[PDB]
């Protein structure tokens, strides 16, 4: 099934943060309404934050995360979790190799903010 795609409330601020756990450089693209709203690029084998920013879901509220290592798209796993019917987490894991640890690039989206 498709992974890394989330529908947030329209015109809503949300945070997006990416961590890296791979020898290779991670390039994370965050799409809002099919348009690149943010890009994070970095390398780390110790869960470093290669990017964190605040974005706005916009009209469609459609947000999609994509990860690639040297142009090659990583396989993704994802899910959305809501706590006490108010706090939202859109979670993404990505695998750029074969060991299937799916942490090479970890992306955490959360909302609402403030």
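Positions refer to the first chain, counted from 1.
- Remark: stretch with higher mean C-alpha B factor among 30 to 38 and 45 to 53 is 30 to 38.
- Averaged over CA atoms, B-factors in the entry run higher in 17 to 25 than in the other of 17 to 25 and 86 to 94.
- Between the residues 76, 69, 81, 65, the entry's highest C-alpha temperature factor is the one at 69.
- In the deposited entry, the Cα temperature factor of residue 10 sits in the top third of values across the chain's modelled residues.
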